[PDB]
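Down below is the structure, laid out as structure tokens.
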6 protein chains.
Amino acid sequence: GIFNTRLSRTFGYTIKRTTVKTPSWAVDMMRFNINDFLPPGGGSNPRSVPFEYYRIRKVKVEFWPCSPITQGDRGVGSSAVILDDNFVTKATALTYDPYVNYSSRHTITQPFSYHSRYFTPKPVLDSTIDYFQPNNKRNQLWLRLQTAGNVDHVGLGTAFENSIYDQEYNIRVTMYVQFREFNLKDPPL
Amino acid sequence: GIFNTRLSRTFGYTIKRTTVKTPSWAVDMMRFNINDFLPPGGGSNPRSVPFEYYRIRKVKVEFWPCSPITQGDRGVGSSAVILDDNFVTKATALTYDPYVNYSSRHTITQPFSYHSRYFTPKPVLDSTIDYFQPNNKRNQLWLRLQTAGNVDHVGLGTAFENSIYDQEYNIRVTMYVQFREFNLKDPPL
Amino acid sequence: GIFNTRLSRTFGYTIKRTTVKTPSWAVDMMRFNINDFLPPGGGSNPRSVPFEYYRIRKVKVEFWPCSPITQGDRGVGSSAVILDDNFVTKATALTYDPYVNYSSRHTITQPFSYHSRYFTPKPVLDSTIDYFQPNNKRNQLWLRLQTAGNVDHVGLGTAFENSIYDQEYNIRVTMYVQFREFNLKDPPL
Amino acid sequence: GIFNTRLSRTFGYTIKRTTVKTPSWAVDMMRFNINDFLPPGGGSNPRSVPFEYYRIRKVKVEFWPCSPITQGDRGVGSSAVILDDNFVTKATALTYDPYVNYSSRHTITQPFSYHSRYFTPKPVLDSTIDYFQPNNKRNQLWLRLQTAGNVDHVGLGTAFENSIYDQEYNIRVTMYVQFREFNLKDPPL
Amino acid sequence: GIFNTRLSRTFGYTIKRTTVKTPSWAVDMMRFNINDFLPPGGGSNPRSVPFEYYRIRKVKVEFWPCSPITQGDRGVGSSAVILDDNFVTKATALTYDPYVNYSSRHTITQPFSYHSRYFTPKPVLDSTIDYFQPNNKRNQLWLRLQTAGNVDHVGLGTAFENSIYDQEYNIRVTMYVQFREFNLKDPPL
Amino acid sequence: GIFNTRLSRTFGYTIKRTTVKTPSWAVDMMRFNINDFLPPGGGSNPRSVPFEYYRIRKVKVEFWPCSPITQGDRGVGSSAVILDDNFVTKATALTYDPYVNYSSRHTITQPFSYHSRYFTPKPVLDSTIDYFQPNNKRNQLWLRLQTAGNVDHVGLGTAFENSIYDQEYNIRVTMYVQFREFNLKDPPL
């Protein structure tokens with residue numbers, strides 16, 4: 001019983017100002033979990049979408065700027081796809097862009113420019129070995145939609161060039177999911 | 001955002017014994033409401049299936065017998081489709097089968113025989129005028145999936161021939177529904 | 001060195017009687033392990049079928065009744081396919097059939113009727129995440145035929161309607177397996 | 001339930017040295033039994049390959065030398081196929097090669113040369129009459145895989161030319177068999 | 001960012017002499033890890049090949065002899081492919097060749113003969129269950145190139161026939177690997 | 001063993017303000033060396049990319065502005081391709097644009113506009129004679145990837161029109177290189 005749908009979530013991210021003169025970059029990570037998109041249900045149905053299995057097909061991360069088009073001290077960054085839960089260490093002012101030479105690098109124009117990334121994440125099945133599957137719609141694993149313990153999906157790391165002014169963003173993540181085995185429970189009343 | 005699924009519900013019905021010698025029939029009615037198939041949800045989602053609109057496409061009423069194949073004093077009844085909420089009055093021992101000459105009559109062999117009816121019900125929009133639509137999948141009205149006040153659908157009346165022995169049945173109603181406009185709400189936690 | 005064969009096993013299951021008047025259902029689970037079908041071997045060959053690897057292709061669960069065709073208080077249940085080791089909790093008299101709205105539900109006529117289910121199970125690789133593969137004969141994983149520690153396969157849950165009389169069944173599970181790498185060891189004597 | 005497989009076995013054979021000056025030959029025989037290739041099983045399965053019937057299709061006898069390529073006093077012998085259990089009498093130093101004029105003679109170069117023979121043996125059904133079947137894959141008799149009393153198959157006799165030095169060989173017999181009627185027994189535990 | 005290359009490594013293996021008269025075999029195992037082929041890098045690049053992911057496509061094990069062609073007491077052994085990390089126990093003088101009846105057996109002529117094996121190994125993801133994938137270039141899992149903790153690949157076991165003389169070998173393993181996601185890091189200086 | 005890849009590097013350039021009223025231009029040069037893109041390696045591998053030879057195919061110089069779109073006193077400049085290491089002398093306020101009549105001149109809109117130049121540089125083999133090759137992918141010379149003494153490539157000179165305000169830029173140079181003869185060294189550990 002397949003049901004392809006779309007789930008979204010919005011949150012903020014700010015790159016604080018720095019008095020540093022050099023071009024330094026601010027590094028951070030981004031994971032994706034389905035608990036943040038799918039709330040708990042009620043009653044005999046533990047989740048709000050009554051299905052048993054799921055598998056995330058795609059994610060769309062949108063960096064919607066919060067800064068005016070008149071803001072100066074512009075910069076240039078990079079967003080890369082990291083499917084293994086080993087990101088570059090979080091840094092405030094690093095002397096280089098680590099994600100620049102990555103094959104999945106897209107340039108981030110800053111601060112007043114929109115940046116989208118559309119990709120297929122991978123689940124963290126074993127963080128010790130960090131193995132994942134290649135892209136195959138027919139062979140992608142089905143995970144279970146747990147009650148409160150779903151596994152973290154992974155796949156984006158960023159590097160933003162710091163500035164004299166604060167750079168704020170409203171980040172909207174949209175997960176395109178595919179469920180299976182409609183499992184609604186209908187007790188009497 | 002269409003999602004065709006199937007919802008079921010099971011309950012009992014008994015035709016008590018009678019010392020009456022004549023062939024008399026027991027008349028009863030059967031309505032269908034979605035509250036009995038779809039429970040209330042939890043949180044910001046008032047229902048367990050997160051959709052706004054619905055329309056019932058078909059219903060399958062199954063009279064599963066509870067009586068052995070050795071039971072005597074067998075009989076013959078009738079099930080008809082009544083799409084307007086004006087049934088023959090409920091009777092214990094009526095001297096005739098009212099639903100026998102109906103164009104939608106199917107014979108009910110009793111007591112140890114299975115009887116199915118598969119049809120398209122109609123909602124009770126105005127019980128004073130009792131108007132309904134003909135069968136058209138493209139033009140069928142969409143109703144709202146209310147929280148605790150959904151409208152009764154209608155469409156089956158029965159007439160069972162009484163017997164010296166009690167005739168029990170386990171009735172399984174299956175509604176084939178079609179929802180629209182996925183409306184999940186995901187607050188933080 | 002492929003060898004497709006067929007292994008069987010027979011055991012009993014009883015649904016005890018209840019004085020409860022309502023229609024209640026008895027819920028139970030069913031797992032499949034190869035230790036119960038393949039005994040230990042002897043000598044340098046740890047198992048009786050001299051192969052290294054295996055993968056279960058199909059299982060046929062047959063509910064052969066033990067009850068006469070004259071037994072009354074008949075009922076109606078459901079059998080569903082559960083490929084993830086999270087079954088509905090075992091219950092003696094539950095007020096509803098949980099497996100009724102499942103997409104893999106087959107109706108169980110009770111008590112004197114035969115019920116078969118033919119499906120492809122999945123192994124329990126990680127019970128925490130509960131991931132499994134879709135059906136693909138060419139890409140199905142090969143497991144190792146361990147000596148005394150094989151992994152449990154999963155895939156059936158049932159719901160039987162209780163009755164005044166005891167409902168007994170002789171359940172015959174047949175696993176259609178596929179082995180690989182003939183590994184017979186022939187020491188002297 | 002046919003299962004064609006391959007069973008092997010390795011053992012030694014030595015032609016001891018002789019001070020005799022003349023060219024003399026050492027004669028010996030070679031039978032084949034399935035007890036030497038198939039060990040006893042364990043439990044309710046008396047054999048390690050769980051089948052009832054068998055029939056030997058082919059045998060490959062390989063004389064793998066043990067002697068260096070620098071060894072002198074080389075010689076020339078003969079291997080013939082003897083399907084009736086009446087071999088030339090075993091001799092240490094016979095004044096001629098008895099198997100030389102046989103229609104199934106292959107020359108054995110000695111001592112450091114490989115010799116293979118690939119043929120279809122015959123079972124010893126009656127040693128008094130010594131009757132056997134011609135080669136026909138469709139009409140070949142099925143024998144029973146006994147527990148500890150299988151019948152000897154026959155089909156090779158050799159004649160090695162003696163030498164001043166010892167001539168050792170590691171003989172690897174490979175039987176290509178065909179079983180029938182999978183008969184595994186699975187008691188409880 | 002795919003880069004198919006070839007990595008090699010050379011090491012020794014000796015089968016010590018034995019006074020035992022019988023034909024006995026020496027059993028041993030062979031695993032493959034990428035730490036032994038890929039050294040650690042320097043600086044911000046933890047490895048010498050600047051890539052993130054890898055997957056081993058093929059391995060070529062070459063037994064290059066160290067013994068002269070005049071060496072006697074020759075023998076015959078077997079090399080088999082064992083993709084599950086459960087080898088025959090290491091033995092000094094075992095009375096039989098365990099790997100002889102394996103479907104992946106290749107004969108090892110000893111002592112002065114070259115033996116190659118070219119196959120696709122499998123990683124040890126779970127040693128408890130010992131599951132692996134079949135050969136599929138498109139669906140083969142990508143592992144992470146860890147810093148100092150890579151997972152052992154597996155796939156060869158051997159059985160060498162002992163001798164009066166020591167049998168030495170120089171074993172050259174060549175792994176044909178496929179990397180992904182060039183991840184060079186270029187800090188200033 | 002060819003490997004085409006892409007190496008990047010980012011740095012700043014500022015055109016300081018001037019009280020001069022006339023239109024004057026600021027002249028500067030730009031060379032390219034591979035030491036600034038490829039760091040030193042570690043151990044027996046002197047460089048981080050394990051190859052012997054290289055040849056630079058293309059370079060992309062990107063002038064990413066740092067100034068707001070509201071900045072006035074705009075200007076117009078020129079960027080030209082200079083493949084011989086004899087640039088116009090560096091000047092702070094020159095009374096004309098020297099690179100304006102060059103055949104390889106592209107107009108630089110200032111200050112808030114992006115300027116890219118994509119071309120094929122040439123190495124400085126002899127600065128006394130200053131000879132270079134025409135563009136030919138098949139005949140381009142292979143240089144050696146030295147340890148700490150690589151030769152400077154050349155090919156861009158600029159002329160920016162001065163302003164009352166400071167004009168800052170973040171310059172991102174991307175070199176598209178082609179290596180040869182994979183030369184990884186793997187000592188033991």
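By convention in this document, the chains of the structure tokens carry letters A, B, ... by their order, each chain's residues are numbered from 1, and ligands are numbered from 1 in the order they are shown.
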Exercise for the section: Could you please tell me, as a ChimeraX atom specification, which residues of chain A have an atom within 8 Å of chain E when using only C-alpha atoms? Expected result: /A:84,95-96,98-99,101-104,129-134
I'd like the contact shell of region 54-68 of chain B - 6 Å cut-off, only C-alpha atoms, skipping same-chain residues fewer than 5 positions apart - returned as a PDB file with N, CA and C atoms, in the first residue's frame.
```
ATOM      1  N   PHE B 112     -27.227 -21.020   7.546  1.00  0.00           N
ATOM      2  CA  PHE B 112     -25.812 -21.353   7.511  1.00  0.00           C
ATOM      3  C   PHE B 112     -25.150 -20.969   6.199  1.00  0.00           C
ATOM      4  N   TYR B 114     -23.677 -17.876   3.444  1.00  0.00           N
ATOM      5  CA  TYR B 114     -23.046 -16.578   3.333  1.00  0.00           C
ATOM      6  C   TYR B 114     -23.792 -15.706   2.339  1.00  0.00           C
ATOM      7  N   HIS B 115     -23.921 -14.432   2.683  1.00  0.00           N
ATOM      8  CA  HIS B 115     -24.625 -13.450   1.877  1.00  0.00           C
ATOM      9  C   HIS B 115     -23.783 -12.188   1.817  1.00  0.00           C
ATOM     10  N   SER B 116     -23.447 -11.767   0.605  1.00  0.00           N
ATOM     11  CA  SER B 116     -22.712 -10.539   0.366  1.00  0.00           C
ATOM     12  C   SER B 116     -23.554  -9.586  -0.461  1.00  0.00           C
ATOM     13  N   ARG B 117     -23.350  -8.296  -0.226  1.00  0.00           N
ATOM     14  CA  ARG B 117     -23.961  -7.236  -1.012  1.00  0.00           C
ATOM     15  C   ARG B 117     -22.910  -6.165  -1.226  1.00  0.00           C
ATOM     16  N   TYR B 118     -22.691  -5.799  -2.480  1.00  0.00           N
ATOM     17  CA  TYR B 118     -21.674  -4.839  -2.884  1.00  0.00           C
ATOM     18  C   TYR B 118     -22.349  -3.748  -3.690  1.00  0.00           C
ATOM     19  N   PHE B 119     -22.341  -2.537  -3.160  1.00  0.00           N
ATOM     20  CA  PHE B 119     -23.112  -1.450  -3.733  1.00  0.00           C
ATOM     21  C   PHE B 119     -22.477  -0.127  -3.342  1.00  0.00           C
ATOM     22  N   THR B 120     -23.030   0.941  -3.894  1.00  0.00           N
ATOM     23  CA  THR B 120     -22.573   2.302  -3.670  1.00  0.00           C
ATOM     24  C   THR B 120     -23.576   3.041  -2.801  1.00  0.00           C
ATOM     25  N   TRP B 142     -17.843  15.312  -2.696  1.00  0.00           N
ATOM     26  CA  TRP B 142     -16.885  15.185  -1.617  1.00  0.00           C
ATOM     27  C   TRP B 142     -17.509  15.757  -0.359  1.00  0.00           C
ATOM     28  N   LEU B 143     -17.539  14.961   0.690  1.00  0.00           N
ATOM     29  CA  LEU B 143     -17.925  15.408   2.011  1.00  0.00           C
ATOM     30  C   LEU B 143     -16.684  15.735   2.817  1.00  0.00           C
ATOM     31  N   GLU B 168     -27.754 -16.554  14.448  1.00  0.00           N
ATOM     32  CA  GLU B 168     -26.755 -15.536  14.713  1.00  0.00           C
ATOM     33  C   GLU B 168     -25.886 -15.315  13.485  1.00  0.00           C
ATOM     34  N   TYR B 169     -25.390 -14.090  13.358  1.00  0.00           N
ATOM     35  CA  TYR B 169     -24.531 -13.693  12.259  1.00  0.00           C
ATOM     36  C   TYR B 169     -23.463 -12.745  12.775  1.00  0.00           C
ATOM     37  N   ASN B 170     -22.288 -12.820  12.164  1.00  0.00           N
ATOM     38  CA  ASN B 170     -21.211 -11.855  12.363  1.00  0.00           C
ATOM     39  C   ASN B 170     -21.115 -11.035  11.091  1.00  0.00           C
ATOM     40  N   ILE B 171     -21.510  -9.776  11.167  1.00  0.00           N
ATOM     41  CA  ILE B 171     -21.610  -8.923   9.996  1.00  0.00           C
ATOM     42  C   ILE B 171     -20.348  -8.088   9.894  1.00  0.00           C
ATOM     43  N   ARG B 172     -19.669  -8.195   8.757  1.00  0.00           N
ATOM     44  CA  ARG B 172     -18.444  -7.463   8.471  1.00  0.00           C
ATOM     45  C   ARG B 172     -18.729  -6.484   7.348  1.00  0.00           C
ATOM     46  N   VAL B 173     -18.718  -5.201   7.676  1.00  0.00           N
ATOM     47  CA  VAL B 173     -18.900  -4.129   6.710  1.00  0.00           C
ATOM     48  C   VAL B 173     -17.531  -3.600   6.334  1.00  0.00           C
ATOM     49  N   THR B 174     -17.295  -3.479   5.037  1.00  0.00           N
ATOM     50  CA  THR B 174     -16.064  -2.949   4.483  1.00  0.00           C
ATOM     51  C   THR B 174     -16.429  -1.779   3.590  1.00  0.00           C
ATOM     52  N   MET B 175     -15.922  -0.601   3.924  1.00  0.00           N
ATOM     53  CA  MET B 175     -16.135   0.598   3.135  1.00  0.00           C
ATOM     54  C   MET B 175     -14.890   0.934   2.338  1.00  0.00           C
ATOM     55  N   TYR B 176     -15.073   1.124   1.044  1.00  0.00           N
ATOM     56  CA  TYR B 176     -14.013   1.531   0.140  1.00  0.00           C
ATOM     57  C   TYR B 176     -14.127   3.030  -0.077  1.00  0.00           C
ATOM     58  N   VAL B 177     -13.213   3.779   0.523  1.00  0.00           N
ATOM     59  CA  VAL B 177     -13.309   5.224   0.608  1.00  0.00           C
ATOM     60  C   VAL B 177     -12.214   5.848  -0.238  1.00  0.00           C
ATOM     61  N   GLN B 178     -12.348   7.148  -0.454  1.00  0.00           N
ATOM     62  CA  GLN B 178     -11.424   7.928  -1.261  1.00  0.00           C
ATOM     63  C   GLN B 178     -11.287   9.274  -0.577  1.00  0.00           C
ATOM     64  N   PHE B 179     -10.093   9.564  -0.092  1.00  0.00           N
ATOM     65  CA  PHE B 179      -9.799  10.791   0.619  1.00  0.00           C
ATOM     66  C   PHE B 179      -9.117  11.800  -0.297  1.00  0.00           C
TER      67      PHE B 179
ATOM     68  N   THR C  70     -19.391 -30.039  11.756  1.00  0.00           N
ATOM     69  CA  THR C  70     -20.626 -29.788  12.477  1.00  0.00           C
ATOM     70  C   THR C  70     -20.461 -28.797  13.616  1.00  0.00           C
ATOM     71  N   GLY C  72     -20.344 -25.492  15.662  1.00  0.00           N
ATOM     72  CA  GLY C  72     -20.984 -24.212  15.555  1.00  0.00           C
ATOM     73  C   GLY C  72     -20.178 -23.097  16.182  1.00  0.00           C
ATOM     74  N   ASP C  73     -20.851 -21.973  16.401  1.00  0.00           N
ATOM     75  CA  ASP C  73     -20.225 -20.761  16.910  1.00  0.00           C
ATOM     76  C   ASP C  73     -19.072 -20.348  16.009  1.00  0.00           C
ATOM     77  N   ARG C  74     -19.311 -20.422  14.709  1.00  0.00           N
ATOM     78  CA  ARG C  74     -18.299 -20.098  13.730  1.00  0.00           C
ATOM     79  C   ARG C  74     -17.917 -18.628  13.819  1.00  0.00           C
TER      80      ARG C  74
END
```
Problem - Test item, strand (DSSP E) assignment across chain D, answer as a ChimeraX atom specification - result: /D:3-15,25-32,40-42,45-47,51-65,75-80,91-94,106-110,115-119,122-123,143-144,153-161,167-182
Handout entry: Spatial neighbours of region 22-25 of chain E, 6 Å, only C-alpha atoms, chain gap at least 3 places, as an MDAnalysis selection string
Key = chainID E and resid 93:95 159:162
Quick one: write out the picked residues with N, CA and C atoms as a CSV table (one decimal), in the first residue's frame?
```csv
chain,number,residue,atom,x,y,z
E,93,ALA,N,49.2,-30.6,10.1
E,93,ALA,CA,49.2,-31.9,9.4
E,93,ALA,C,47.8,-32.5,9.6
E,94,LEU,N,46.9,-32.2,8.7
E,94,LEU,CA,45.5,-32.8,8.7
E,94,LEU,C,45.5,-33.9,7.7
E,95,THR,N,44.8,-35.0,8.0
E,95,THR,CA,44.8,-36.2,7.2
E,95,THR,C,44.0,-36.1,5.9
E,159,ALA,N,44.9,-25.2,1.3
E,159,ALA,CA,45.4,-26.4,1.8
E,159,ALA,C,46.6,-26.9,1.0
E,160,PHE,N,47.7,-26.9,1.7
E,160,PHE,CA,49.0,-27.3,1.0
E,160,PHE,C,49.4,-28.7,1.6
E,161,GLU,N,49.8,-29.6,0.7
E,161,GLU,CA,50.3,-30.9,1.1
E,161,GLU,C,51.8,-30.7,1.6
E,162,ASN,N,52.0,-31.3,2.8
E,162,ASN,CA,53.3,-31.2,3.4
E,162,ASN,C,54.3,-32.0,2.7
```
Exercise for the section: Extract the full set of helix (DSSP H, G or I) residues from region 31-170 of chain A according to DSSP on the backbone, and format it as a ChimeraX atom specification. Expected result: /A:34-36,98-100
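Considering only C-alpha atoms, the residue among C:92, C:100, C:153, C:39 positioned nearest to residue 18 (chain C) is C:92.
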Problem - Residue neighbourhood residue 106 (chain C), 7 Å, only C-alpha atoms, exclusion window fewer than 3 positions, as number ranges by chain - result: C: 78-80
Write a file of the selected residues as a short mmCIF file (atom, residue, chain, number, x, y, z; two decimals), in the first residue's frame, keeping N, CA and C atoms.
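And here's again-v9.cif as it stands now:
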```cif
data_model
loop_
_atom_site.label_atom_id
_atom_site.label_comp_id
_atom_site.auth_asym_id
_atom_site.auth_seq_id
_atom_site.Cartn_x
_atom_site.Cartn_y
_atom_site.Cartn_z
N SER C 78 -8.37 -13.10 10.50
CA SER C 78 -7.50 -12.46 9.53
C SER C 78 -6.07 -12.90 9.76
N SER C 79 -5.35 -13.12 8.67
CA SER C 79 -3.93 -13.41 8.68
C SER C 79 -3.21 -12.39 7.82
N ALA C 80 -2.17 -11.78 8.37
CA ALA C 80 -1.41 -10.75 7.70
C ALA C 80 0.07 -11.08 7.74
#
```
